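One structure is given below, encoded as structure tokens.
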Amino acid sequence: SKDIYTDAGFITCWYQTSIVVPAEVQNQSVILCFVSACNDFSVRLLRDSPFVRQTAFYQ
Amino acid sequence: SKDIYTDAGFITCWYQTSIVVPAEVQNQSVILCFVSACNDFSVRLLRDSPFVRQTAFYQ
Amino acid sequence: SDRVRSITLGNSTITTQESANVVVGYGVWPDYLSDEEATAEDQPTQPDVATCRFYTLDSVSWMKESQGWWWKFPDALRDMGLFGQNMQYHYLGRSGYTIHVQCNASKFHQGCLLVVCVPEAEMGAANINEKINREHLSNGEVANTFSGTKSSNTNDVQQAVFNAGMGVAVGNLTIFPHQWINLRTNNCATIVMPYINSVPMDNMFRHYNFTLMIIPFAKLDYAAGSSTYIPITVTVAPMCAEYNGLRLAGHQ
Amino acid sequence: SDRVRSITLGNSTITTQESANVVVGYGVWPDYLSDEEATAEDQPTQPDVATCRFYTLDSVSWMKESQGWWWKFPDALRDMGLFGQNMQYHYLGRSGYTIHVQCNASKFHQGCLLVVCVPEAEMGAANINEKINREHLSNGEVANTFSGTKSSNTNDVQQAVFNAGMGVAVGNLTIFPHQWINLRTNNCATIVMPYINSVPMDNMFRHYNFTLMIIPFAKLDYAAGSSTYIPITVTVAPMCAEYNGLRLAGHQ
Amino acid sequence: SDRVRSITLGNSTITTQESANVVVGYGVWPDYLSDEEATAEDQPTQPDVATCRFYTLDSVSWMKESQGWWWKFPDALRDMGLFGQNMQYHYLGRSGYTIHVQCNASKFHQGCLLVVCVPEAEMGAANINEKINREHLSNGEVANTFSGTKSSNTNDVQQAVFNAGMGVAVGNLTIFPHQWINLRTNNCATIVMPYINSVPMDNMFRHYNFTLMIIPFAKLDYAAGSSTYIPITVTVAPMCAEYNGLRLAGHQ
């Protein structure tokens, strides 16, 4: 969760050089992004997820 | 030669996926086909070819 | 290079020239059922040439506005030769698979497919307390189609690409054995899939083992002179198929 | 193949896929100053992670009518982090460099750059008996530009491409450590440059060690539908940087 | 890769970058005549540098409607330096050859050439009981041209591509040492051709040893902006040429 003490940083992405494309080829393209953990990764304290929201039962 | 007893089958060719081509490139193209025998191939009985047709001599 | 791959299963051969690699399941290659995991007592049927071979499904056309496709797979091979006949005459079936998907373009086309092989893809309904007809979950070799928005048809699956018909995030759908068909490097995507079920053998009509899904993240796009019709062709081959409990033909 | 190259200096990594090779100076790789060639008597400062890393300069746009660019290089890194701060607090500096220049295109674009690394590029003036201001020889990370004809500005370098600002033939300018960026084979140009000076250490403001020059021989050209904006991006990393004579901040 | 090939014969060198392989005759590499197969009694002439080298013939232009070309080859090198002079002063000649054909395009052009090297290509006539003039079977380095239909000129070869001027099926014409120039993979076609004749040496004017044929099966085709002029350039080098029976210059 968010707190001021343990802030981690900023991921940013910039144009080094432009996208040079030849004739009769589309100019606008798409980047896809992925995330995963490395081999030194850990988690410690169990809690309930902030996403589960029910009001009544599931009859 | 052709007979009903020794019939061999049908060679056929189908579109799996289409021909995707970029811009400024011609769409219609040409397939060439080849035939030969393998290393287990044989022929047995001599006869005259059905193609030779002469009427008189070659003076 | 390692981009050329050749596969021979029976009397059918696939030679590709811009392949990437082969994902093999969860590391397990398809094999027969041993005597320690066996449950039934009678002799199985192992055809192994008349069954284990590539069957070619229908080609589907990929426009700029296409959203996705799915096939259920012990059921899309219902009417494909002796695999389908041996499905109709036996009670218990058990097989692995090999899913090869063809899609070609040029160096001027762009786009990106995601070929996922999802076990137990129990799908939702369009209306919440409504029953789904069997003609909409599966249709044989004819593909069903996702929609871009909230579909609300009668007796139909909820067809929205951002939930994959199952109620999850479609970006998180890469936990399953998957490849990508990227049109600047790839041409094809081979997925070897072993048998994954809670029981050693199961009936091949009442159960759906898994679901192939092809979803384009990067949309297809091209210039004003390139070729418009781009097909997508799926070819499947059962592996290590064996059968148990012979009786008359039917399913009821 | 050997066209893929990866470079790690500190916490910055460059991966290229259409590189050519790496020119290393005059055969010498950058190393620290030994005790036999040393002149000053006090302990130097070797940061080695906070200093030796890639700094990215400004991208410049390459039209069909562009003529060239230059950067002075102990001076273009004046305001780039702890390299610039350690330049401002010390009196004697000594470093090698690694110059990597990015420029990309497609297989439908043509053109050819020449990336030269010229030691002691003492440049001429536009007016012969006139003094050059410091804002025209160097401007930091913002590039100066050559001109196609005889430029006659006030207090400015003589900007003509066929003399490179130095009074020589520009075709003979390949005696220096150089590469080409040919748009049908290349994508980038890596130049490792050791320390070349007449003294073992020197001040990094009063002196200009060398001058990078990028001059297009074959002009950029493309068809009526290809992409127009083509940037050129220069990235530099000091190597074996050490510092001597600590005093207060300033340069006067 | 093995696509780069380099050939040095004398003071002439060919470097190609998209070659395929080299067909060497019927397996035999050209060598000199031994003393067991020799018939004449006097010393032969072996120049070996002034003779064995590449000679470049005329370039021919390949439109969309071009049909084919042929060259007779002890006769197309009549006026090519010391090979032609040593042909004119001697009575008996004996040589092998190396036929290299250049044709280049881009990745947007399509087409396919067939480069055949046909021994004893005795050609037919346009009119059946008529004599062919020598200016139509051969013309030196200037190529003759096939026609698409039944040609009926005076004193001319029957020029129809589907009979190759010889009365056979042109698809069956691949029994001879041949290569293809496919414009998506190839750039050139090298054919090493040894000496094939019924006698150990023969006169090089009265006899035609073989006939090069270049016939486009897949027609040349391109879009509305690509380059129209596409040449085809043939280069030949005699190998192991030796000569016998010196007398005065002439041929009558």
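Every chain in the structure tokens takes a letter, A first, then B, and so on in the order presented; its residues are numbered from 1, and the ligands are numbered from 1 following the presented order.
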Show me, as a list in words, every residue of chain E with an atom at most 12 Å from chain B, counting only C-alpha atoms.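 So the residues of chain E near chain B are residues 106, 107, 108, 109, 110, 111, 112, 113, 114, 129, 171, 172, 174, 175, 180, 182, 216, 217, 218, 219, 220, 221, 222, 223, 224, 225 and 226 of chain E.
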Near-segment 242-245 of chain E list (6 Å; only C-alpha atoms; drop same-chain fewer than 3 positions) as an mmCIF file with N, CA and C atoms, in the first residue's frame:
```cif
data_model
loop_
_atom_site.group_PDB
_atom_site.id
_atom_site.type_symbol
_atom_site.label_atom_id
_atom_site.label_comp_id
_atom_site.auth_asym_id
_atom_site.auth_seq_id
_atom_site.Cartn_x
_atom_site.Cartn_y
_atom_site.Cartn_z
ATOM 1 N N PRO E 44 50.717 -28.466 -78.140
ATOM 2 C CA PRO E 44 49.635 -27.487 -78.053
ATOM 3 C C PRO E 44 50.119 -26.178 -77.438
ATOM 4 N N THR E 45 49.209 -25.210 -77.380
ATOM 5 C CA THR E 45 49.485 -23.870 -76.876
ATOM 6 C C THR E 45 48.591 -23.615 -75.673
ATOM 7 N N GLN E 46 49.199 -23.357 -74.516
ATOM 8 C CA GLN E 46 48.460 -23.177 -73.267
ATOM 9 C C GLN E 46 48.783 -21.811 -72.677
ATOM 10 N N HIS E 90 44.546 -20.727 -84.918
ATOM 11 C CA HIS E 90 44.711 -22.162 -84.774
ATOM 12 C C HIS E 90 43.598 -22.901 -85.492
ATOM 13 N N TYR E 91 43.805 -24.201 -85.666
ATOM 14 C CA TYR E 91 42.825 -25.061 -86.310
ATOM 15 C C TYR E 91 42.002 -25.884 -85.334
ATOM 16 N N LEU E 92 42.586 -26.340 -84.233
ATOM 17 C CA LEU E 92 41.898 -27.195 -83.279
ATOM 18 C C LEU E 92 41.829 -26.491 -81.937
ATOM 19 N N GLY E 93 40.631 -26.391 -81.379
ATOM 20 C CA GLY E 93 40.476 -25.781 -80.079
ATOM 21 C C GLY E 93 39.778 -26.687 -79.095
ATOM 22 N N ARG E 94 40.042 -26.499 -77.807
ATOM 23 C CA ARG E 94 39.464 -27.354 -76.776
ATOM 24 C C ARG E 94 39.436 -26.570 -75.479
#
```
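For residue 194 of chain D, the list of residues within 7 Å, based on only C-alpha atoms and with local chain neighbours fewer than 5 positions off taken out, reads residues 25, 28, 29, 30, 96 and 97 of chain D.
Using only C-alpha atoms for every distance, the candidate list E:33, E:142, E:161, E:20 yields E:142 as the residue closest to residue 72 of chain E.
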Please, what distance in Å, to one decimal, runs between atom CA of residue 17 of chain E and atom CA of residue 21 of chain B?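 Going from atom CA of residue 17 of chain E over to atom CA of residue 21 of chain B covers 25.5 Å.
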